[PDB]
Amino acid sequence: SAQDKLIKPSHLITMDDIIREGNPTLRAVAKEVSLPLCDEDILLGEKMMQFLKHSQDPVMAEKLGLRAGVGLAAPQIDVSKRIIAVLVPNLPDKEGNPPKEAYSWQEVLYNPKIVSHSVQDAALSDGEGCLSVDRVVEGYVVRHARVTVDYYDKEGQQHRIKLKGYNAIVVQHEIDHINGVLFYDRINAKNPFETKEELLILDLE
C-alpha cells in the first residue's frame, strides 16, 4: 500500500507523494487509528512532521521543490487515516528580528476531535492554500475563531487543548481533511469575502 512506501526509512515525502484534487481519497472520511498506536502509524506521523520541517527550511524546500506548509493530514499522502501534523511558525517582530522560538505549535495528533468552540468565527485575511489543490480559490475560509481539541499524541497519551488564532485555523484545516472537507468548501461562493461582526479577520503579516 501507499503507507508502506511512505514509511521506508530512506523515503522522503515530496510533492510526488501528495495526491491532488480529483483523487477520491481526498473526499473520503479517514478511518480512526487503532490504539495503542502501531509502528506503521507512528512512523507515518514522523514522516509527516519531517515533511513540514523540510518545507519550512528555505534551502531544503528550494532544493526539494516543496511548498512551505504549516500542516498535513494522512489522506493527503493517500492514507485514509485520522492522523494530522501541525507545525505553526512564529513570525519575526516589527523590527525584523527573528522570533525567539521558531515554532508556535508543533504536534502530531492522532484521532483529533473538536469538543467545543467559540461563537465567533475567524478567517485568514489572505485566504487559504492547500498543496492538494493545484489552483487558487480566493475568499475567506470561515472557521471557528477558537476550538478545544481532544487527541492522542505519538506516545498514546490523551490530550485536550485550547487553540485560538493561527493555531485554531491550522488545526481545523487539517481536521477537515480527515473528514473529506477541502478549504474552498468553507468559502461563500456567492460572496467569497463576505464579512459579519462575528467574523474575525486574522493578519499574519
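Sequential numbering from 1, following the sequence displayed.
Enquirer: Mean C-alpha B-factor higher for 159-167, or for 61-69?
Expert: The recorded data point to 61-69.
Enquirer: If you average the Cα B factors in the entry, which is higher, 133-141 or 169-177?
Expert: According to the entry, 133-141 carries the higher average C-alpha B-factor.
Enquirer: Among 78, 121, 93, 128, single out the one with the highest C-alpha B factor in the record, please.
Expert: Highest C-alpha B-factor among the listed options: 78.
Enquirer: Among 56, 148, 50, 34, where is the Cα temperature factor highest, going by the PDB entry?
Expert: 34 has the highest C-alpha B-factor of those listed.
Enquirer: Taking the C-alpha B-factors as the PDB entry records them, is residue 21 in the lowest, middle or highest third of its chain?
Expert: Highest third, going by the recorded CA B-factors of the chain.
Enquirer: Place residue 188 in the lowest, middle or highest third of its chain's C-alpha B-factors, as listed in the PDB entry.
Expert: Residue 188: CA B-factor falls in the middle third of its chain.
Enquirer: Ordered by C-alpha B-factor within the chain, which third holds residue 7? Give me lowest, middle or highest, please.
Expert: For residue 7, whose C-alpha B-factor we compare with every modelled residue in the chain, the answer is the middle third.
Enquirer: Looking at the entry's B-factor column for C-alpha atoms only, identify whether residue 99 ranks in the lowest, middle or highest third of its chain.
Expert: According to the entry, residue 99 has a C-alpha B-factor in the chain's middle third.
Enquirer: Please rank the C-alpha B-factors of the chain's modelled residues and tell me whether residue 15 sits in the lowest, middle or highest third.
Expert: Tercile = highest for this residue's CA B-factor.
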